[PDB]
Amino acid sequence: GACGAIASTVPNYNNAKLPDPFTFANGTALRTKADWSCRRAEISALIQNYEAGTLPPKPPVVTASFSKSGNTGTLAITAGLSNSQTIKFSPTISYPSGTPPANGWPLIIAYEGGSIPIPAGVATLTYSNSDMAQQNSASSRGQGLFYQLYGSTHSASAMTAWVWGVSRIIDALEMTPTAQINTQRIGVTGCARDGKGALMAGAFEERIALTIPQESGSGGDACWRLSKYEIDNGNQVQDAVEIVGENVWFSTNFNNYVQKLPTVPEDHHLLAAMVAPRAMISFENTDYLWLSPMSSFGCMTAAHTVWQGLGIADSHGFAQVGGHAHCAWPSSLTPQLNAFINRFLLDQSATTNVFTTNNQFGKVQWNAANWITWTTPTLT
């Protein structure tokens, strides 16, 4: 390829601070905006290798039929491999009433319906991601429609299986004009465990124009290294060690690294940066130390440097507040959410400069010089 041989491992890696977005595994420095495409491809391979498992490509069979009852469409999808194995699933779409825009409705793919308010001119697709890969506990490993296609021992984590499903949904929408969706204006959202999922979807599926993870916490927009710092200093956060025993959001291989995080040549600031140069705003809640609040702020601050280096800082937002229940939406943040939806899904001239925290981090502080070691280059 134009990126040469993509690295999927870095055996000698050992860095207690955040991995540098702007240096390839081979030591080459990023210099151009085009370099970011290759670096993102390498980050994708590293994340798959160390924590996410293998993301399969589009299978040889993908078919879709559509029917509509009232304002509810049903998109019946079939996916199949060359060995004849197939699975089927049928997300529903809730439409705004009346005549759609020329190019169809903008759409947000909402994991299990999401927990954000979706404005009136945007359609909502409800993605039953738990059916694609189960997520009750460690007991759920290898269970779900995805594994009925690829096998229950396939390395994909549940979140990687969910991403695969989103990619098939977008495949189906592109081949189904009667769904009346503008496939150039698709967003994705989810809250809590499904916010972890939504971030993975936006990172790995480049056809998503806007990514909105809501209270995703550890394994979402928090960084593993920063959460280890938090837990060592007395905040009762979720961390890498606990999360792999709690559920199946990560590959089994990640168990080999959760006690050796400095040897992992990525962290979730690079996961989030895989969305660049597309748009993302994530929302966090400081009321629950489980979500690892300092870790999310520092992690997204580090991710933000990639957008800054690409000259598109305002395509990446972060808003972190307290004072509300988990996955309840505070009206105080509706303007920030709507700014990103209006700009990136509704083609309005909305400004999207949102990068705010209350710094309510408990027993630690954020010290950027202790975690971010790189200067930000102006990619050309």
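Numbering starts at 1 and follows the sequence shown.
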{"property": "Mean C-alpha temperature factor, higher of 65-73 and 326-334", "result": "65-73"}
{"property": "Which of 113-121 and 156-164 has higher mean CA B factor, as the PDB entry lists it", "result": "113-121"}
{"property": "Largest Cα B-factor, entry values, listed residues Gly202, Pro262, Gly195, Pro101", "result": "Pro101"}
{"property": "Most elevated Cα B-factor in the entry, residues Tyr127, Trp105, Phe146, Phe283", "result": "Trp105"}
{"property": "Third assignment of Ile181 from its chain's C-alpha B-factors", "result": "highest"}
{"property": "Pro19 - Cα temperature factor, lowest/middle/highest third of chain", "result": "lowest"}
{"property": "Assigned third (lowest, middle, highest) for the C-alpha B factor of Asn233", "result": "middle"}
{"property": "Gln48 by Cα B-factor - lowest, middle or highest third of the modelled chain", "result": "lowest"}
{"property": "Modelled-residue ranking by C-alpha temperature factor, third containing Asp267", "result": "middle"}
